[PDB]
């Protein structure tokens, strides 16, 4: 029995009602617990038996559904209820969980603050190439990065990194590290990082020299 | 399945440990509830599952035993815990209860205060015969009453009555009504009630005239 | 859950009796199984039978063909009718509420005595007892009960009220008052007799 | 119940790893069934297996022949050993406590990351980024993690620490500080690098 | 006119010639007599048959079976029919639609009157267990079924065996009377009497595939005394003849009159010779025959009917009033597991229906009474389709209300139809294994073994979910999983089994099994409404495949015979 | 010397006289020939037998069976033994302990050498399925078992039937050789050959209980031509004689030589005539015979052995590694319900063992080879006691550790012994119903019906507690309740079945069935240790009662024969 928790993301603002639908592969007959994993903790039990509720929770949580559709419904989605919610059948071993659903908090969208930089002199001594494009405080999730090497573009050798939902300011971060050898880097002077966001479809162009 | 709750009486003083042993006829496998009926109420649930305890009780009650022997054990038997305790299997319908055990409070024993009396004049007009022997404040339970009709004794036509455990003074009461016709009563003058108690083996003799 | 049953306090023999346990707090078809329990005069108990939430019934097999339990879902009521009664079935009756997953009869009705009797309603017959303790006898009244209180409770010391006994299917009782020797026949001693059903009260003094 | 597991933070590939979840509050042979649950890096979960109170075991059939769970009743301990590991099995591990009659994994261990890795412990290599926001790159350290804090948190505004990524089985990360243009190169900017395992700290300035 | 028959050196090294008249073949058992009669019958063409066959000059393989007459050792007539229903059957099945019923019955009266059986013509001639008619008259009817077409050549296999003294000789008098009617007849007689041996006009002999003397009986004595060892002294010289004629004895003693001018005389005679309805009427008519045969036999019908009635009553008594207590589930799932499995072994009797009439099947196919699809679909209409309907509807109607299963009418219909389908499918497997064999017992043991190995894979006795995956695939080969899964799909699905426990979203009882759903899913059964009926599609698919296997066995063994 | 035999008007109205020599009886079938041979055999005394019987002057009922010689139509020899083991058996069982083994074997050599069977004397003479020896030599051995005592009078029932031409005549040559040895022999021949008919010295006839002519063969022709219808013209005048001799024909045609002076001549001759080891050695010896017969037959032994091995493997595979999940109970209680019930129908083959050898049983009892308790306790040692041990110990040893039942050794022993006892008890019921019948099939269906009606009353399929009381009493007649109740008493009792739920004093799961105790009590089984073993006392009580019933059937049918 595989669960199928779709979709794996939502971005719903504070104090709202949100709905998560776990879909089993067979009948599991109200044997379906919801777990509520924080960032950096163990999955705490939220809903047992697909209707009930473990004591020690704000009782704003309501598990419904039967057959194969099950649904956690949150009325008045608070700050504490962002997290990752894993449905979990326990009808039969093995007790497959779900893929989890990472909730998000709604923000007004913004453009990424982008800043690409050359490496140090001692990395040029070691012969490594790693130019990093900074993508700060963008929202929402999806973003695209283009790399140009004096105009000549390359989409291979690319490394990326995202922080989580920065609940301090409801937005993201991303470092984009490009790493190649010495020859194809030090041949060139200017380097270009471009940002494709859903607000501004024109890619934001940044470049530097040496 | 018949339970067999033996014995059906105990007289144990206050603040003691008392033991009640319910004996099933088959295996009932910890499906054995104890109920705690007061004078004049409905049986309140005391022990569920033969080990546990319903909340709202002084936790001085302890259900033990398995197999077929089950046992309610009361440490520090208080005033409130006199009553009638019914074991009850619920392993299978029909849910036979037990015979019940009427606990009693220990008192120093006493002699019955006895007082026999003739009936009224209008009962002699109606022709009924009912002489009553008063047996007041005796303890313990068992007592015997002898009836003599100018010495000639009769043990038939006898009616009796007991109050319950008079918790005001930890003792009993008993009215003994003898009811016969007009001819065999009004032939005679003196009438004798005798009390056989376990303290004084000599029967207490009372008589009256007309 | 809060249960309350109510019906007649008597039935003639070889008839049927009906009781109704009005339930407030749940629905009869919601969760639990709903149950009837008699209690013989004195001590012994006997589970009679439950209708559960989905209308299926189970009856104590001693009471075959004689009990039937029905359901009225809108008022949250469930009824017993007991057919072909006997004065054995004079018993306190109870409706009680069975959890299932705990197994134990968790909640109980407050209770109503049901007396199968052939007699008609009969006023008492007071006979005092003079030759300290003196008593009144009350013979042949019907139905249960009557209450006696000595001078409506003037000398309440040592007052013992004895329970009723059948006499040819006519109830009787007595009582007694424990006094000293100076109060009789000086103070007017008179046992208070109160019958609720026939609405009769007889007061008779005690003299040598 | 209070659970706490503890063991190594690393194992070489194609070996065995052992963990121990010390249980305080019940006895292992008293009531519940006792359970091990991994969690892949990121999101996904996978129940591994329980030994119940009577020593019988059940294992997730993906992990056949590779997991074994044992019991030490006197100290209230239960152990996993995972044989023939793989860097896939780099995962957060958990001991968790299964009720049975409620069915749900009610209590959970606090958690320990287990990284199957072939590399040896390696100090970092700091490379700042100068051409407002400027960043430091840390390449090739081992093991996870290292912590960077800009001038030990002088200009804490707009500090973004990015998670580590593997590079040829050698960890790397970067960070960034978001400042204005006047503070550089006027104020001495230096990212604080802290490695606990190799006990190394490198401080390097940022200049044009 | 004159009916002659010719054989040039067929195979081994055997020559044949037949005048219009009467003739027998004779020899020791295993001497190839019945196999020579298989050659004369033209029943097996791919057998090694090397030589020339001429039937009045005409070649052999073209339409020989239609006009020839052939009767096997056994005289297999339907065990419950009479003479008249038999000959009306084979009369209306051999002869065309053009012949009216009055002319057909006129032929019937001339054949019965020709045999002299009008006194017995309304007596039930099938005498296996009821024994109404003597066996020799049953032999006369069996021959008369070949007299229907008015043949020219008649072949009879062992008419003397299985009869007493006088009746067999009287049969031989009626057959001599048929030789007087201008026909050629060939016997294969095991051990005859000297009187009818004197009544023979010609006789050949066989010695384990070797041709011995063909010729008249008095010339068997004459040409045999020419071969030495003269027969005298009242020693039954047909049987004493038979005792001297049985390897240099066979090859040499036959070879010394291979040289004779009688064998070269008939060899010079050999060199002198060198110079129905489509589909529907037949299945209606054969289905009428075996259907009346089932109505004619109250034993196998009414025995099974009283067994399923009283067994339905006993299951009604034991399980009477199924409670919804804790003990409900294993009691409701008990009786269902009985009934399905009951139907499965109640199909083992259906092994019998194609194996008993097997000799009548092959004899009736080599003569060509029917088409094979018409036979099979006809016989399936006769026995299987009504007799498998009765214990299903009887079981459902008498146990469905004693037990107190679901009061809905459609659920009663699904149980009704489900027991029907599982009865037809287990019976279909019994036919698929059974068809084409001569022994009932080995197929019976083999069917019992496959029904226990399907019994274990029902839901009751293993919990089909927790079989290991490398042999959990073979659940699907089990027929009572389909039956039992349907019967507990339509009957658990609304139910509830813990009194006082509603158990929708059940809480701190887990492990409780307090619905019918939890028992179904815990048993591993698709709770969706398609999961009920895919059992029936799997059923009907097994019916069609199993009957197709039996059908292909009949088409592939029909000429084996 | 001269052995004469006399019968005065025995019954009906039949007189008898026998010279020292050879004689046959002959007639149509159903003519009372074999019943006259039952009279001559002295097998049924309460039958109506009105007349005088003199064996050389001595009366009939005193010790006639010990020295007379009698062979039935069938020639039933043990199907796997050889000639020498046969004659060593019946030699060492008929003759006393006083005869040494060398003198016994010397008698064996003179009897085998007298019959001329030394070439075959080490060949396996039992030829049902292996077919090592011709049937006529098997007939010679069957006669030789009566040659062991060196009798004076030998009775042979149908030696001519069931043989070919020459071998039966050669047997008649050895029997004529025995007539040369100075013995009287009486046949009952169905339909003979004229050559040995010429070899007869005397012959009587029977017509449905009516005495026809006794006398020589040439005088059967002479005194029969005196009765008219003269036999001539090579018509096999023994068989033609047989065709004329078969109600005024019988009574009148016999009556016309009742008047003859030959019948009054032999009537005047009739008026002229008026003026082992105790217990142990025999059951060891017969148990040696049938025990070697079971070792001699690998078919029924090794077929059942490979079935219970591969079936034990398949049950080992399906249920492999029984988990203690929620699905444990109905899986553990599944396999136990299989095994017990398996043993029950694995006893149905034990119906066969007293019904096949029934003719050999009655023939060996009318001759008096043994005592009946020695026979029954001997044959029970031979087949039942080892062959019922093997699938019990094989099943327990190969399924007990694949399944993963209780690791204790004594529990393995209780399962071992339990399957033993339920096998012997179901087999004991199979003997109790089976013994004394001739047909296996009706007893087989009857045993199958009683085993299903005992199947339902096991614990699995009804919940025996909630049967209504007026037929819940008959639980106790069921053998798999005893087997299944023991096998799930020793195997559930320590167990536990809900993971994470200790369930001792179980709370808000009620209804849970989370021990092995709760499944046992909920099933209705005495959890006390006596409740395990009272199943075995009930078992052994059923063994003793059922075998006592079969024993009484043997003592009451032993003289019926």
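Structure notes:
Going in written order, the chains are labelled A, B, C, D, E and F, and every chain counts its residues from 1.
Assume a residue touches a chain if its C-beta (ideal position, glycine included) is under 8 Å from a C-beta of that chain, and two chains touch if they have at least 3 such contacts.
Shared contact partners of subunit C and subunit F, listed by label, are B, E.
Comparing chain pairs D-E and C-E, the larger number of C-beta contacts belongs to C-E. Taking the mean of C-alpha positions as each chain's centre, the chain lying farthest from the centre of subunit B is E.
Using the mean of the Cα atoms as each chain's centre, the chain most removed from subunit A is F.
Rounded to whole angstrom units, the spacing between the C-alpha centres of subunit D and subunit F is 81. Per-chain Cα centroids separate subunit A from subunit F by 86 Å. If each chain is reduced to the centroid of its CA atoms, subunit A and subunit D end up 19 Å from each other.
Inter-chain spacing, taken between the CA centroids of subunit A and subunit E, is 75 Å.
For subunit F, residues touching at least two other chains, in rising order: 323, 325, 465, 498, 501, 507-512. Annotation for subunit D: residues 58, 100-103 touch two or more other chains.
Shown for subunit B are the residues that touch two or more other chains, namely 31, 48-49, 90, 92-93. Subunit C makes touch with subunit E in their complex at residues 30-33, 50, 52-54, 56, 58, 98-101. Here subunit D touches subunit A in the complex through residues 43-47, 58, 60-62, 94, 96, 102-106, 108-111, 127-135, 137, 139, 158, 160-163, 165, 167, 172-174, 176, 178, going by the rule given at the top. Those residues of subunit F that touch subunit D in the complex are listed here as 323-325, 496, 498-502, 508-509, 512. Against subunit F, the residues of subunit B that register as touching in their complex are 26-31, 48-52, 66, 90-92.
By the touch criterion given at the top, residues 31, 33, 35, 41-45, 48-49, 54, 84, 86, 88, 90, 93-97, 99-100, 102, 113, 115, 117-120, 122-123, 128, 130, 132, 134, 136-137, 159, 161-163, 166, 173-175, 177, 179, 208 of subunit A touch subunit D in their complex.
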